[PDB]
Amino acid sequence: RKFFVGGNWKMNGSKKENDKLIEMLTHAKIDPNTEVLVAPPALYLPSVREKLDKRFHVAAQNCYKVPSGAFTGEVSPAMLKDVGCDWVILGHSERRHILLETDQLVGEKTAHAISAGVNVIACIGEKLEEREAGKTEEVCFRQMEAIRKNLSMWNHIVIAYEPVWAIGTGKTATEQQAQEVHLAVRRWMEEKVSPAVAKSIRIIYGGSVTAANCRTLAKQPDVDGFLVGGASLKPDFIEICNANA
């Protein structure tokens, strides 16, 4: 499996700061075996895609579930392709838990994006009250089942596990805890989809990753990379891209 590092800029960006990030990425020494993605705010997707070499993927942070229609404020996968972007992040914990997106909606968006020819980073993960009730697998598997319900092919999917129970609380997840979830998710893929897909699919870690912990997380056998948050805006991003080499 090819190591995969995606930088989610979240709601951060400006012509000035984007240019500084692009110059940092363009000039950095990055492991040639790392697949690298950045996800700017939607206003900046076309310009960031023009300025950054195709060695870098550029992703939207969200999209909707049909090509066009009466959905004020939404953008479709067809529009993403029209501006040269071939990736989207769907189901991020902030969209599920702050902006109230349901499992079913995330699954419908994922299936439509794939149908349009857009690759998807599909995000899953459980909150603290769910983890403390023993529901880590139940929650992760329910979110994946909603994606599988509408998907017939997985070659253009990357799964991101977000330990929301740690992100939202200030707790720190150990590399052993991340590995344990990644393994359970991979076994679900083996069981519900196929051993070949489970063997191929990248499962990336979306808890807090900085230059300080990326190398120990990267060595875990079922962690295939990272969905990076705030470190995506900083020189730490380069060390994270290099975490596996």
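In case it trips you up, residue 1 is the first one in the sequence shown, and so on.
Look at the mean CA B-factor for 73-81 and for 139-147 in the entry; the higher one is 139-147. As recorded in the PDB entry, 167-175 is the stretch of 114-122 and 167-175 with the greater mean C-alpha temperature factor. Based on the entry's C-alpha B-factors, the most elevated value among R202, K192, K65, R49 belongs to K192. In this structure the maximum Cα B-factor among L37, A212, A42, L217 is found at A212. The entry lists a Cα temperature factor for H27 that places it in the highest third of the chain's modelled residues.
When all modelled residues of the chain are sorted by CA temperature factor, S208 is found within the middle third. Among the modelled residues of the chain, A196 sits in the highest third by CA temperature factor in this PDB entry. In the PDB entry, a CA B factor belonging to the middle third of its chain's modelled residues is recorded for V58. Remark: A245 belongs to the highest third of its chain, ranked by C-alpha B-factor as recorded.
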